[PDB]
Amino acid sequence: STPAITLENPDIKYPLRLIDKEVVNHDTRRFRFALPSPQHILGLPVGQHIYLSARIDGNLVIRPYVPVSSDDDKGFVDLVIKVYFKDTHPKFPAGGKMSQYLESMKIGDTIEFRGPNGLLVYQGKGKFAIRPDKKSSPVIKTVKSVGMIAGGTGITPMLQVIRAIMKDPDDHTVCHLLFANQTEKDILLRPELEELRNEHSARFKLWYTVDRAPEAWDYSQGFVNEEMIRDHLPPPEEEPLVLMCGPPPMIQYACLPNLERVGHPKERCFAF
């Protein structure tokens, strides 16, 4: 028999109870929610995300988040979410709606989950099923290596895929991650990433850039650029899939032009 599935229907909302919150850094936390019983699984293909929804201040608010847990995990789901606080940034006095609602939840409070959703599914052993859009059937891309460019919380879909690969000893796909954040203290999930490197260095290449670097720094500095792509992702002739996820300007100005300069074609690139 197979475990009971939480997300049985993508149009149903499932209220899940918050059970734990763990600090990732000054503004980011892992939020762990209980599934309907301890034996359930979420029901989420690798590559997919969920949506959270709530009535915040009298208006329904819906936002997507990528679980970093998997269908191997019985009884819980983990999200890694950056909180955009009010009364902090001069351009954003109110902060972010959903992320502060989440930050304010008490353990035992519920929030509605729905899913799965997304254009990409990782089918294992280098196989990716990618829809060109939400109005098209998937096509299955088969690769030996995967470049991953993440900015900030854009790490979450990358980590979800990395974890899926590394746990299968017969999955020979090599992941090359280039992870960009504003400062060293903004790096998310660093111990794991470095733990994954320590354990799986033949399948996992790790590199960082930060917008402003500290004095003691052995990685790159600045926005993602041509040189970083050329040095820290597989080269075009090895026909990798290049996955990217981060702020819209990151994608538009740092990733797309520089991917084109290196020679990774559109049709081998995917933005979460």
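Don't overthink the numbering: it's just position in the shown sequence, from 1.
Student: Which of the two stretches, 5-13 or 20-28, shows the higher mean Cα temperature factor in the record?
Tutor: Per the PDB record, 5-13.
Student: Check the entry's C-alpha temperature factors for 76-84 and 89-97, then say which stretch has the higher mean.
Tutor: Between 76-84 and 89-97, it is 89-97.
Student: Going by the CA temperature factor in the entry, name the top one among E103, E184, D170, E112.
Tutor: If I rank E103, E184, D170, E112 by C-alpha B-factor, first place goes to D170.
Student: Go through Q160, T153, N117, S136 one by one and give the residue whose Cα B-factor in the PDB entry is largest.
Tutor: Top of the list by C-alpha B-factor: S136.
Student: Lowest, middle or highest third: which one holds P234 when the chain's residues are ordered by CA B-factor from the entry?
Tutor: For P234, whose C-alpha B-factor we compare with every modelled residue in the chain, the answer is the middle third.
Student: Ranking every modelled residue in this chain by its Cα temperature factor as given in the entry, which third contains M250?
Tutor: Tercile = lowest for this residue's CA B-factor.
Student: If you rank the chain by CA B-factor, which third does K125 end up in: lowest, middle or highest?
Tutor: Its C-alpha B-factor, which the entry lists for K125, ranks in the highest third among residues of this chain.
Student: Sort the modelled residues of this chain by their C-alpha B factor and say whether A34 lands in the lowest, middle or highest third.
Tutor: According to the entry, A34 has a C-alpha B-factor in the chain's middle third.
Student: What third of its chain, lowest, middle or highest, does the C-alpha temperature factor of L60 fall into?
Tutor: As the PDB entry reports it, the C-alpha B-factor of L60 lands in the middle third of its chain.
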